[PDB]
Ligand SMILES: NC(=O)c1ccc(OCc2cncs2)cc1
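Let's start with one chain on its own, the form solved without this ligand, as structure tokens.
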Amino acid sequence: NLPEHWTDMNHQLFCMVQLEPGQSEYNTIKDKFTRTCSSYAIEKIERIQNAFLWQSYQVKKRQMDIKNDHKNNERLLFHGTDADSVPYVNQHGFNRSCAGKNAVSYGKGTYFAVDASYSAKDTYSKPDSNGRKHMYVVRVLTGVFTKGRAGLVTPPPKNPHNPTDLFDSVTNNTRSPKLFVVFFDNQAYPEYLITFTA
């Protein structure tokens, strides 16, 4: 099911592909980033081609598309991370068990930002020994969501008398969402890695 615009990977399962400025693919990511992070400068943007993460993510997307009633289930969001975590995320994706406590907690899961400026905080995208910061652009299955709460280890039930029928994700604010939290593996696909500097 691998997208036909991916580079041939030669029976390999994983590749990072460096994008070229001037191509729509690079430019649209650069614009979405500079919308809120105009003070930073992009070193490079890599497309993440991970066959196994993509398959598991696309199965979860198909299931959420079946379960929800013609919803836009998927948002393109940002995730800042430290250099030490990039090889793990590239290969294995986002693991809630490794997640940091966010300054404002809406549950114990993986946090994704609407605005690059949030992900660009040194607390999330820690500068490496060479001053480089790292941010993923991520396809996230936000689905149907509600305002979260610090206590959550899964999304809350839509109905308290049906505890197993869950919201797909939670947010800080349902009228103006600026962050989303997901609580399951393969609910987020790391699509691009932005390397950037002051």
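Residues that one form lacks are left out of the comparison. Take the two forms, superpose them, and find the largest set of C-alpha atoms that agree within 1.5 Å; that set is the rigid core. Just count from 1 along the sequence shown to find any residue number.
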Out of the other entries of this protein with residues modelled on both sides, is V114 skipped in at least a third? no
Specify whether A99 falls into a modelling gap in a third or more of the other PDB entries of this protein. yes
The stretch whose C-alpha atoms carry the larger average B-factor in the entry, 77-85 or 96-104, is 96-104
Mean CA B-factor: is it higher for 34-42 or for 140-148? 34-42
Which one of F14, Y189, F180, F183 shows the biggest C-alpha B-factor in the PDB entry? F14
Can you tell me whether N162 has a C-alpha B-factor in the lowest, middle or highest third compared with the other modelled residues of the same chain? middle
Cα B factor band for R62 (lowest, middle or highest third within the chain): lowest
Split the chain's modelled residues into thirds by Cα B-factor; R132 lands in the middle
Quick tally, chain-level thirds of C-alpha B-factors: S125 sits in the middle
Which third, lowest, middle or highest, does the C-alpha temperature factor of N27 belong to within its own chain? middle
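Omitted here: the form solved in complex with this ligand. The next part is about that form.
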Please work out, step by step, whether the site is open or blocked: first superpose the C-alphas near the site so this ligand is positioned as in the entry with it bound, then count ligand atoms within 2.4 Å of this form's backbone or C-beta atoms (3 or more = blocked). blocked
Are any of the heavy atoms in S105 no more than 4.5 Å from a heavy atom of this ligand in the entry with it bound? yes
Does any part of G80 reach within 4.5 Å of this ligand in the entry with it bound? Heavy atoms only, please. yes
Please tell me whether any heavy atom belonging to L179 falls inside 4.5 Å of a heavy atom of this ligand, as the geometry stands in the entry with it bound. yes
Does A113 make contact with this ligand in the entry with it bound, using a 4.5 Å heavy atom cut-off? yes
Residue ranges moving between the shown form and the other one (criterion: at least three consecutive CA positions shifted 2 angstroms or more, core aligned): 102-104
